[PDB]
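This is entry-v8.tsv (TSV, N, CA and C atoms).
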```tsv
chain	number	residue	atom	x	y	z
A	1	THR	N	0.84	-1.24	0.00
A	1	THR	CA	0.00	0.00	0.00
A	1	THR	C	0.87	1.28	0.00
A	2	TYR	N	2.19	1.17	0.11
A	2	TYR	CA	3.11	2.32	-0.02
A	2	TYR	C	3.39	2.62	-1.49
A	3	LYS	N	3.34	1.59	-2.35
A	3	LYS	CA	3.73	1.68	-3.79
A	3	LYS	C	2.48	1.94	-4.64
A	4	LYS	N	1.48	1.06	-4.56
A	4	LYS	CA	0.29	1.11	-5.44
A	4	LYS	C	-0.93	0.63	-4.67
A	5	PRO	N	-2.16	0.92	-5.15
A	5	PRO	CA	-3.39	0.39	-4.55
A	5	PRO	C	-3.48	-1.14	-4.58
A	6	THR	N	-3.25	-1.75	-3.42
A	6	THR	CA	-3.20	-3.22	-3.21
A	6	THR	C	-4.53	-3.63	-2.58
A	7	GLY	N	-5.42	-4.20	-3.38
A	7	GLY	CA	-6.74	-4.70	-2.94
A	7	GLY	C	-7.74	-3.58	-2.70
A	8	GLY	N	-7.51	-2.40	-3.30
A	8	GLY	CA	-8.44	-1.24	-3.28
A	8	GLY	C	-8.13	-0.22	-2.20
A	9	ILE	N	-7.08	-0.44	-1.41
A	9	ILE	CA	-6.61	0.49	-0.35
A	9	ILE	C	-5.16	0.86	-0.66
A	10	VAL	N	-4.77	2.07	-0.27
A	10	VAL	CA	-3.45	2.70	-0.57
A	10	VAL	C	-3.09	3.67	0.57
A	11	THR	N	-1.80	3.83	0.81
A	11	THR	CA	-1.24	4.70	1.87
A	11	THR	C	-1.00	6.09	1.29
A	12	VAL	N	-1.49	7.12	1.96
A	12	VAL	CA	-1.22	8.55	1.60
A	12	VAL	C	-0.72	9.27	2.85
A	13	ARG	N	0.25	10.17	2.70
A	13	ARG	CA	0.79	10.95	3.84
A	13	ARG	C	-0.28	11.95	4.26
A	14	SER	N	-0.33	12.27	5.55
A	14	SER	CA	-1.26	13.25	6.17
A	14	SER	C	-0.77	14.67	5.86
A	15	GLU	N	-1.29	15.65	6.61
A	15	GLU	CA	-0.77	17.05	6.63
A	15	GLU	C	0.66	17.01	7.17
A	16	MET	N	0.85	16.31	8.29
A	16	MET	CA	2.10	16.30	9.10
A	16	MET	C	3.16	15.38	8.46
A	17	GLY	N	2.77	14.45	7.57
A	17	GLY	CA	3.67	13.44	6.96
A	17	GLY	C	3.51	12.05	7.57
A	18	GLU	N	2.40	11.81	8.31
A	18	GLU	CA	2.01	10.51	8.93
A	18	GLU	C	1.31	9.66	7.88
A	19	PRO	N	1.65	8.37	7.72
A	19	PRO	CA	0.94	7.50	6.78
A	19	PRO	C	-0.47	7.14	7.28
A	20	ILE	N	-1.45	7.19	6.36
A	20	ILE	CA	-2.89	6.88	6.59
A	20	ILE	C	-3.34	5.86	5.54
A	21	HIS	N	-4.21	4.93	5.93
A	21	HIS	CA	-4.68	3.87	5.02
A	21	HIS	C	-6.04	4.29	4.48
A	22	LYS	N	-6.12	4.74	3.22
A	22	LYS	CA	-7.39	5.22	2.60
A	22	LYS	C	-7.72	4.40	1.36
A	23	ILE	N	-9.01	4.28	1.05
A	23	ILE	CA	-9.52	3.59	-0.16
A	23	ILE	C	-8.95	4.32	-1.38
A	24	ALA	N	-8.35	3.58	-2.32
A	24	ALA	CA	-7.72	4.13	-3.55
A	24	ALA	C	-8.82	4.60	-4.51
A	25	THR	N	-9.50	5.68	-4.09
A	25	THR	CA	-10.49	6.46	-4.87
A	25	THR	C	-9.71	7.41	-5.79
A	26	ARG	N	-10.38	8.01	-6.77
A	26	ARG	CA	-9.76	9.01	-7.68
A	26	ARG	C	-9.18	10.16	-6.83
A	27	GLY	N	-9.95	10.63	-5.85
A	27	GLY	CA	-9.56	11.71	-4.93
A	27	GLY	C	-8.27	11.37	-4.21
A	28	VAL	N	-8.25	10.24	-3.52
A	28	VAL	CA	-7.07	9.74	-2.75
A	28	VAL	C	-5.93	9.47	-3.74
A	29	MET	N	-6.22	8.96	-4.94
A	29	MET	CA	-5.15	8.68	-5.93
A	29	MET	C	-4.54	10.00	-6.41
A	30	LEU	N	-5.36	11.05	-6.53
A	30	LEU	CA	-4.85	12.41	-6.78
A	30	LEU	C	-3.89	12.75	-5.64
A	31	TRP	N	-4.37	12.62	-4.41
A	31	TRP	CA	-3.61	12.95	-3.17
A	31	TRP	C	-2.23	12.29	-3.26
A	32	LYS	N	-2.19	10.98	-3.44
A	32	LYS	CA	-0.91	10.22	-3.52
A	32	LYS	C	-0.04	10.78	-4.66
A	33	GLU	N	-0.63	11.09	-5.81
A	33	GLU	CA	0.10	11.68	-6.97
A	33	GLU	C	0.72	13.02	-6.55
A	34	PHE	N	0.02	13.87	-5.79
A	34	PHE	CA	0.53	15.20	-5.38
A	34	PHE	C	1.64	15.03	-4.34
A	35	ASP	N	1.54	14.04	-3.45
A	35	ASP	CA	2.59	13.71	-2.45
A	35	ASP	C	3.91	13.42	-3.17
A	36	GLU	N	3.86	12.61	-4.23
A	36	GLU	CA	5.03	12.19	-5.04
A	36	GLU	C	5.65	13.40	-5.78
A	37	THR	N	4.84	14.29	-6.36
A	37	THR	CA	5.25	15.29	-7.39
A	37	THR	C	5.18	16.74	-6.90
A	38	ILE	N	4.45	17.05	-5.81
A	38	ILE	CA	4.25	18.45	-5.31
A	38	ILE	C	4.72	18.59	-3.86
A	39	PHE	N	4.04	17.97	-2.90
A	39	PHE	CA	4.18	18.31	-1.45
A	39	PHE	C	5.57	17.94	-0.91
A	40	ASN	N	6.23	16.96	-1.53
A	40	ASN	CA	7.63	16.56	-1.21
A	40	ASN	C	8.62	17.67	-1.59
A	41	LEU	N	8.33	18.47	-2.63
A	41	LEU	CA	9.29	19.47	-3.18
A	41	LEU	C	9.70	20.46	-2.09
A	42	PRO	N	10.97	20.96	-2.13
A	42	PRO	CA	11.40	22.03	-1.23
A	42	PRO	C	10.77	23.40	-1.54
A	43	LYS	N	10.67	24.28	-0.54
A	43	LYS	CA	9.90	25.57	-0.58
A	43	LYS	C	10.51	26.57	-1.58
A	44	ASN	N	11.76	26.36	-2.00
A	44	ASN	CA	12.43	27.13	-3.09
A	44	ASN	C	12.05	26.58	-4.47
A	45	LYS	N	11.44	25.39	-4.53
A	45	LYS	CA	10.97	24.75	-5.79
A	45	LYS	C	9.43	24.69	-5.84
A	46	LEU	N	8.73	24.72	-4.70
A	46	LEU	CA	7.26	24.48	-4.62
A	46	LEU	C	6.52	25.45	-5.54
A	47	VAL	N	6.62	26.76	-5.29
A	47	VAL	CA	5.73	27.80	-5.88
A	47	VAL	C	6.00	27.94	-7.39
A	48	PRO	N	7.26	27.96	-7.87
A	48	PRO	CA	7.52	27.88	-9.31
A	48	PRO	C	7.06	26.59	-10.00
A	49	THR	N	6.91	25.49	-9.26
A	49	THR	CA	6.37	24.21	-9.80
A	49	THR	C	4.86	24.34	-9.98
A	50	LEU	N	4.16	24.82	-8.95
A	50	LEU	CA	2.67	24.99	-8.96
A	50	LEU	C	2.28	25.84	-10.17
A	51	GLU	N	2.86	27.04	-10.30
A	51	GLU	CA	2.50	28.00	-11.38
A	51	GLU	C	2.73	27.33	-12.73
A	52	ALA	N	3.79	26.51	-12.86
A	52	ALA	CA	4.15	25.78	-14.10
A	52	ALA	C	3.07	24.73	-14.43
A	53	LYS	N	2.51	24.08	-13.40
A	53	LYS	CA	1.53	22.97	-13.53
A	53	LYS	C	0.09	23.50	-13.47
A	54	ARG	N	-0.11	24.77	-13.08
A	54	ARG	CA	-1.40	25.41	-12.70
A	54	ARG	C	-2.58	24.81	-13.46
A	55	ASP	N	-2.47	24.70	-14.79
A	55	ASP	CA	-3.53	24.13	-15.67
A	55	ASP	C	-3.88	22.71	-15.20
A	56	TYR	N	-2.87	21.83	-15.13
A	56	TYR	CA	-3.02	20.38	-14.86
A	56	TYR	C	-3.62	20.15	-13.47
A	57	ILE	N	-3.11	20.87	-12.46
A	57	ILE	CA	-3.62	20.83	-11.06
A	57	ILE	C	-5.11	21.19	-11.04
A	58	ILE	N	-5.52	22.29	-11.68
A	58	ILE	CA	-6.92	22.80	-11.61
A	58	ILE	C	-7.86	21.79	-12.27
A	59	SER	N	-7.45	21.22	-13.40
A	59	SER	CA	-8.24	20.21	-14.16
A	59	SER	C	-8.48	18.95	-13.31
A	60	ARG	N	-7.48	18.49	-12.55
A	60	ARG	CA	-7.57	17.29	-11.66
A	60	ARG	C	-8.45	17.60	-10.44
A	61	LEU	N	-8.17	18.70	-9.72
A	61	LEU	CA	-8.94	19.16	-8.54
A	61	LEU	C	-10.42	19.29	-8.90
A	62	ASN	N	-10.74	19.99	-9.99
A	62	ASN	CA	-12.14	20.16	-10.46
A	62	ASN	C	-12.74	18.81	-10.84
A	63	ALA	N	-11.96	17.94	-11.50
A	63	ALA	CA	-12.45	16.66	-12.04
A	63	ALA	C	-12.58	15.64	-10.90
A	64	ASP	N	-11.55	15.49	-10.06
A	64	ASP	CA	-11.31	14.21	-9.33
A	64	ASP	C	-11.36	14.38	-7.81
```
The structure in this file should be written as C-alpha cells.
Amino acid sequence: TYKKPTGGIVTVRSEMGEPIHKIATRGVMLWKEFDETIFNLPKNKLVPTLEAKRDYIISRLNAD
C-alpha cells in the first residue's frame, strides 16, 4: 500500500507526513500523486512548480 493500490486500499501521507490507510479512490489517488510530485518538493521549488503545472492541477482538482 506504499507503492500502489493493493486490494483497493493505498497509503497517503497526512498534513504532518504521517501514513494513513485510505480507499484508492480518484480523490485519494490524486492525493498520492501530489505527495510524489508536489508536497515533497522544497519551498524554493514548490511555488515555481505549482505556477508551471497550474492548468493540470486545476483540471484534476475540479475533475477528481
For atom C of residue 37 of chain A and atom CA of residue 19 of chain A, the interatomic separation in Å (one decimal): 17.0 Å
Those in segment 3-62 of chain A with strand (DSSP E) from DSSP, as a PyMOL selection string: chain A and resi 9-13+19-23
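Distance-wise, atom CA of residue 46 of chain A and atom N of residue 9 of chain A end up 28.9 Å apart.
Taking atom CA of residue 11 of chain A as the reference point, atom CA of residue 32 of chain A is found at 7.7 Å.
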Given 8 Å on each side, where is the centre and what are the edge lengths in Å to one decimal of the axis-aligned box enclosing the listed atoms of segment 19-27 of chain A, as lines of an AutoDock Vina configuration file?
```
center_x = -4.4
center_y = 7.6
center_z = 0.0
size_x = 28.1
size_y = 24.1
size_z = 31.4
```
Within 10 Å of file point (-11.6, 16.8, -4.8), counting only C-alpha atoms, expressed as an MDAnalysis selection string: chainID A and resid 26:28 30:31 60:64
Just N, CA and C atoms for this one: save the residues we selected as a PDB file, in the coordinates of the input.
```pdb
ATOM      1  N   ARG A  26     -10.380   8.010  -6.770  1.00  0.00           N
ATOM      2  CA  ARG A  26      -9.760   9.010  -7.680  1.00  0.00           C
ATOM      3  C   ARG A  26      -9.180  10.160  -6.830  1.00  0.00           C
ATOM      4  N   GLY A  27      -9.950  10.630  -5.850  1.00  0.00           N
ATOM      5  CA  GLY A  27      -9.560  11.710  -4.930  1.00  0.00           C
ATOM      6  C   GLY A  27      -8.270  11.370  -4.210  1.00  0.00           C
ATOM      7  N   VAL A  28      -8.250  10.240  -3.520  1.00  0.00           N
ATOM      8  CA  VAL A  28      -7.070   9.740  -2.750  1.00  0.00           C
ATOM      9  C   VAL A  28      -5.930   9.470  -3.740  1.00  0.00           C
ATOM     10  N   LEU A  30      -5.360  11.050  -6.530  1.00  0.00           N
ATOM     11  CA  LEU A  30      -4.850  12.410  -6.780  1.00  0.00           C
ATOM     12  C   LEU A  30      -3.890  12.750  -5.640  1.00  0.00           C
ATOM     13  N   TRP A  31      -4.370  12.620  -4.410  1.00  0.00           N
ATOM     14  CA  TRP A  31      -3.610  12.950  -3.170  1.00  0.00           C
ATOM     15  C   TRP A  31      -2.230  12.290  -3.260  1.00  0.00           C
ATOM     16  N   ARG A  60      -7.480  18.490 -12.550  1.00  0.00           N
ATOM     17  CA  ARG A  60      -7.570  17.290 -11.660  1.00  0.00           C
ATOM     18  C   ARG A  60      -8.450  17.600 -10.440  1.00  0.00           C
ATOM     19  N   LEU A  61      -8.170  18.700  -9.720  1.00  0.00           N
ATOM     20  CA  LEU A  61      -8.940  19.160  -8.540  1.00  0.00           C
ATOM     21  C   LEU A  61     -10.420  19.290  -8.900  1.00  0.00           C
ATOM     22  N   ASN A  62     -10.740  19.990  -9.990  1.00  0.00           N
ATOM     23  CA  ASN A  62     -12.140  20.160 -10.460  1.00  0.00           C
ATOM     24  C   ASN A  62     -12.740  18.810 -10.840  1.00  0.00           C
ATOM     25  N   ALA A  63     -11.960  17.940 -11.500  1.00  0.00           N
ATOM     26  CA  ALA A  63     -12.450  16.660 -12.040  1.00  0.00           C
ATOM     27  C   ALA A  63     -12.580  15.640 -10.900  1.00  0.00           C
ATOM     28  N   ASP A  64     -11.550  15.490 -10.060  1.00  0.00           N
ATOM     29  CA  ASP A  64     -11.310  14.210  -9.330  1.00  0.00           C
ATOM     30  C   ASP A  64     -11.360  14.380  -7.810  1.00  0.00           C
TER      31      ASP A  64
END
```
Per-residue DSSP, chain A, filtered to helix (DSSP H, G or I), as an MDAnalysis selection string: chainID A and resid 26:39 43:63
If you keep N, CA and C atoms, can you produce a file of those selected residues as a compact mmCIF listing (two decimals), in the frame of the given file?
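Output contents, as saved in result.txt:
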```
# COMPACT_ATOMS: atom_id res chain seq x y z
N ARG A 26 -10.38 8.01 -6.77
CA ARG A 26 -9.76 9.01 -7.68
C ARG A 26 -9.18 10.16 -6.83
N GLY A 27 -9.95 10.63 -5.85
CA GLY A 27 -9.56 11.71 -4.93
C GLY A 27 -8.27 11.37 -4.21
N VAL A 28 -8.25 10.24 -3.52
CA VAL A 28 -7.07 9.74 -2.75
C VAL A 28 -5.93 9.47 -3.74
N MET A 29 -6.22 8.96 -4.94
CA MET A 29 -5.15 8.68 -5.93
C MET A 29 -4.54 10.00 -6.41
N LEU A 30 -5.36 11.05 -6.53
CA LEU A 30 -4.85 12.41 -6.78
C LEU A 30 -3.89 12.75 -5.64
N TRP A 31 -4.37 12.62 -4.41
CA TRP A 31 -3.61 12.95 -3.17
C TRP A 31 -2.23 12.29 -3.26
N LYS A 32 -2.19 10.98 -3.44
CA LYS A 32 -0.91 10.22 -3.52
C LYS A 32 -0.04 10.78 -4.66
N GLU A 33 -0.63 11.09 -5.81
CA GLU A 33 0.10 11.68 -6.97
C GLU A 33 0.72 13.02 -6.55
N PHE A 34 0.02 13.87 -5.79
CA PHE A 34 0.53 15.20 -5.38
C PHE A 34 1.64 15.03 -4.34
N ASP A 35 1.54 14.04 -3.45
CA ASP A 35 2.59 13.71 -2.45
C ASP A 35 3.91 13.42 -3.17
N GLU A 36 3.86 12.61 -4.23
CA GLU A 36 5.03 12.19 -5.04
C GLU A 36 5.65 13.40 -5.78
N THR A 37 4.84 14.29 -6.36
CA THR A 37 5.25 15.29 -7.39
C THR A 37 5.18 16.74 -6.90
N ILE A 38 4.45 17.05 -5.81
CA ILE A 38 4.25 18.45 -5.31
C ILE A 38 4.72 18.59 -3.86
N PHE A 39 4.04 17.97 -2.90
CA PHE A 39 4.18 18.31 -1.45
C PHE A 39 5.57 17.94 -0.91
N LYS A 43 10.67 24.28 -0.54
CA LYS A 43 9.90 25.57 -0.58
C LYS A 43 10.51 26.57 -1.58
N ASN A 44 11.76 26.36 -2.00
CA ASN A 44 12.43 27.13 -3.09
C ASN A 44 12.05 26.58 -4.47
N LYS A 45 11.44 25.39 -4.53
CA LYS A 45 10.97 24.75 -5.79
C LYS A 45 9.43 24.69 -5.84
N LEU A 46 8.73 24.72 -4.70
CA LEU A 46 7.26 24.48 -4.62
C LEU A 46 6.52 25.45 -5.54
N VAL A 47 6.62 26.76 -5.29
CA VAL A 47 5.73 27.80 -5.88
C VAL A 47 6.00 27.94 -7.39
N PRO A 48 7.26 27.96 -7.87
CA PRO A 48 7.52 27.88 -9.31
C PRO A 48 7.06 26.59 -10.00
N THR A 49 6.91 25.49 -9.26
CA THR A 49 6.37 24.21 -9.80
C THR A 49 4.86 24.34 -9.98
N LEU A 50 4.16 24.82 -8.95
CA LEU A 50 2.67 24.99 -8.96
C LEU A 50 2.28 25.84 -10.17
N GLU A 51 2.86 27.04 -10.30
CA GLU A 51 2.50 28.00 -11.38
C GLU A 51 2.73 27.33 -12.73
N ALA A 52 3.79 26.51 -12.86
CA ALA A 52 4.15 25.78 -14.10
C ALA A 52 3.07 24.73 -14.43
N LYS A 53 2.51 24.08 -13.40
CA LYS A 53 1.53 22.97 -13.53
C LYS A 53 0.09 23.50 -13.47
N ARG A 54 -0.11 24.77 -13.08
CA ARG A 54 -1.40 25.41 -12.70
C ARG A 54 -2.58 24.81 -13.46
N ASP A 55 -2.47 24.70 -14.79
CA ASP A 55 -3.53 24.13 -15.67
C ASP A 55 -3.88 22.71 -15.20
N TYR A 56 -2.87 21.83 -15.13
CA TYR A 56 -3.02 20.38 -14.86
C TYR A 56 -3.62 20.15 -13.47
N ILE A 57 -3.11 20.87 -12.46
CA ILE A 57 -3.62 20.83 -11.06
C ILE A 57 -5.11 21.19 -11.04
N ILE A 58 -5.52 22.29 -11.68
CA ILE A 58 -6.92 22.80 -11.61
C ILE A 58 -7.86 21.79 -12.27
N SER A 59 -7.45 21.22 -13.40
CA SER A 59 -8.24 20.21 -14.16
C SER A 59 -8.48 18.95 -13.31
N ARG A 60 -7.48 18.49 -12.55
CA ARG A 60 -7.57 17.29 -11.66
C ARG A 60 -8.45 17.60 -10.44
N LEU A 61 -8.17 18.70 -9.72
CA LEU A 61 -8.94 19.16 -8.54
C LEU A 61 -10.42 19.29 -8.90
N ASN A 62 -10.74 19.99 -9.99
CA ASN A 62 -12.14 20.16 -10.46
C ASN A 62 -12.74 18.81 -10.84
N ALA A 63 -11.96 17.94 -11.50
CA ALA A 63 -12.45 16.66 -12.04
C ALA A 63 -12.58 15.64 -10.90
```
N, CA, C and O atoms for segment 8-27 of chain A, written as a PDB file, keeping the file's coordinate frame, could you do that?
```
ATOM      1  N   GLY A   8      -7.510  -2.400  -3.300  1.00  0.00           N
ATOM      2  CA  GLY A   8      -8.440  -1.240  -3.280  1.00  0.00           C
ATOM      3  C   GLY A   8      -8.130  -0.220  -2.200  1.00  0.00           C
ATOM      4  O   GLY A   8      -8.887   0.767  -2.098  1.00  0.00           O
ATOM      5  N   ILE A   9      -7.080  -0.440  -1.410  1.00  0.00           N
ATOM      6  CA  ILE A   9      -6.610   0.490  -0.350  1.00  0.00           C
ATOM      7  C   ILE A   9      -5.160   0.860  -0.660  1.00  0.00           C
ATOM      8  O   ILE A   9      -4.468   0.037  -1.280  1.00  0.00           O
ATOM      9  N   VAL A  10      -4.770   2.070  -0.270  1.00  0.00           N
ATOM     10  CA  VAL A  10      -3.450   2.700  -0.570  1.00  0.00           C
ATOM     11  C   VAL A  10      -3.090   3.670   0.570  1.00  0.00           C
ATOM     12  O   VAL A  10      -3.997   4.235   1.207  1.00  0.00           O
ATOM     13  N   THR A  11      -1.800   3.830   0.810  1.00  0.00           N
ATOM     14  CA  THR A  11      -1.240   4.700   1.870  1.00  0.00           C
ATOM     15  C   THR A  11      -1.000   6.090   1.290  1.00  0.00           C
ATOM     16  O   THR A  11      -0.325   6.161   0.249  1.00  0.00           O
ATOM     17  N   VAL A  12      -1.490   7.120   1.960  1.00  0.00           N
ATOM     18  CA  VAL A  12      -1.220   8.550   1.600  1.00  0.00           C
ATOM     19  C   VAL A  12      -0.720   9.270   2.850  1.00  0.00           C
ATOM     20  O   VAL A  12      -1.263   8.985   3.932  1.00  0.00           O
ATOM     21  N   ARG A  13       0.250  10.170   2.700  1.00  0.00           N
ATOM     22  CA  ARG A  13       0.790  10.950   3.840  1.00  0.00           C
ATOM     23  C   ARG A  13      -0.280  11.950   4.260  1.00  0.00           C
ATOM     24  O   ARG A  13      -1.094  12.330   3.414  1.00  0.00           O
ATOM     25  N   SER A  14      -0.330  12.270   5.550  1.00  0.00           N
ATOM     26  CA  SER A  14      -1.260  13.250   6.170  1.00  0.00           C
ATOM     27  C   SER A  14      -0.770  14.670   5.860  1.00  0.00           C
ATOM     28  O   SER A  14       0.099  14.825   4.976  1.00  0.00           O
ATOM     29  N   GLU A  15      -1.290  15.650   6.610  1.00  0.00           N
ATOM     30  CA  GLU A  15      -0.770  17.050   6.630  1.00  0.00           C
ATOM     31  C   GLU A  15       0.660  17.010   7.170  1.00  0.00           C
ATOM     32  O   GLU A  15       1.565  17.569   6.522  1.00  0.00           O
ATOM     33  N   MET A  16       0.850  16.310   8.290  1.00  0.00           N
ATOM     34  CA  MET A  16       2.100  16.300   9.100  1.00  0.00           C
ATOM     35  C   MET A  16       3.160  15.380   8.460  1.00  0.00           C
ATOM     36  O   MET A  16       4.345  15.562   8.775  1.00  0.00           O
ATOM     37  N   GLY A  17       2.770  14.450   7.570  1.00  0.00           N
ATOM     38  CA  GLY A  17       3.670  13.440   6.960  1.00  0.00           C
ATOM     39  C   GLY A  17       3.510  12.050   7.570  1.00  0.00           C
ATOM     40  O   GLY A  17       4.402  11.196   7.320  1.00  0.00           O
ATOM     41  N   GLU A  18       2.400  11.810   8.310  1.00  0.00           N
ATOM     42  CA  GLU A  18       2.010  10.510   8.930  1.00  0.00           C
ATOM     43  C   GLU A  18       1.310   9.660   7.880  1.00  0.00           C
ATOM     44  O   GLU A  18       0.432  10.154   7.175  1.00  0.00           O
ATOM     45  N   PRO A  19       1.650   8.370   7.720  1.00  0.00           N
ATOM     46  CA  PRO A  19       0.940   7.500   6.780  1.00  0.00           C
ATOM     47  C   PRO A  19      -0.470   7.140   7.280  1.00  0.00           C
ATOM     48  O   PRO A  19      -0.635   6.857   8.459  1.00  0.00           O
ATOM     49  N   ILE A  20      -1.450   7.190   6.360  1.00  0.00           N
ATOM     50  CA  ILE A  20      -2.890   6.880   6.590  1.00  0.00           C
ATOM     51  C   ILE A  20      -3.340   5.860   5.540  1.00  0.00           C
ATOM     52  O   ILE A  20      -2.896   5.977   4.377  1.00  0.00           O
ATOM     53  N   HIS A  21      -4.210   4.930   5.930  1.00  0.00           N
ATOM     54  CA  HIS A  21      -4.680   3.870   5.020  1.00  0.00           C
ATOM     55  C   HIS A  21      -6.040   4.290   4.480  1.00  0.00           C
ATOM     56  O   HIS A  21      -6.988   4.214   5.258  1.00  0.00           O
ATOM     57  N   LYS A  22      -6.120   4.740   3.220  1.00  0.00           N
ATOM     58  CA  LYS A  22      -7.390   5.220   2.600  1.00  0.00           C
ATOM     59  C   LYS A  22      -7.720   4.400   1.360  1.00  0.00           C
ATOM     60  O   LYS A  22      -6.784   3.918   0.716  1.00  0.00           O
ATOM     61  N   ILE A  23      -9.010   4.280   1.050  1.00  0.00           N
ATOM     62  CA  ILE A  23      -9.520   3.590  -0.160  1.00  0.00           C
ATOM     63  C   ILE A  23      -8.950   4.320  -1.380  1.00  0.00           C
ATOM     64  O   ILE A  23      -9.102   5.545  -1.441  1.00  0.00           O
ATOM     65  N   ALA A  24      -8.350   3.580  -2.320  1.00  0.00           N
ATOM     66  CA  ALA A  24      -7.720   4.130  -3.550  1.00  0.00           C
ATOM     67  C   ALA A  24      -8.820   4.600  -4.510  1.00  0.00           C
ATOM     68  O   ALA A  24      -9.040   3.971  -5.577  1.00  0.00           O
ATOM     69  N   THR A  25      -9.500   5.680  -4.090  1.00  0.00           N
ATOM     70  CA  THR A  25     -10.490   6.460  -4.870  1.00  0.00           C
ATOM     71  C   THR A  25      -9.710   7.410  -5.790  1.00  0.00           C
ATOM     72  O   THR A  25      -8.493   7.576  -5.582  1.00  0.00           O
ATOM     73  N   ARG A  26     -10.380   8.010  -6.770  1.00  0.00           N
ATOM     74  CA  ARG A  26      -9.760   9.010  -7.680  1.00  0.00           C
ATOM     75  C   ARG A  26      -9.180  10.160  -6.830  1.00  0.00           C
ATOM     76  O   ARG A  26      -8.029  10.562  -7.107  1.00  0.00           O
ATOM     77  N   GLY A  27      -9.950  10.630  -5.850  1.00  0.00           N
ATOM     78  CA  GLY A  27      -9.560  11.710  -4.930  1.00  0.00           C
ATOM     79  C   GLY A  27      -8.270  11.370  -4.210  1.00  0.00           C
ATOM     80  O   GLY A  27      -7.311  12.142  -4.310  1.00  0.00           O
TER      81      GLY A  27
END
```
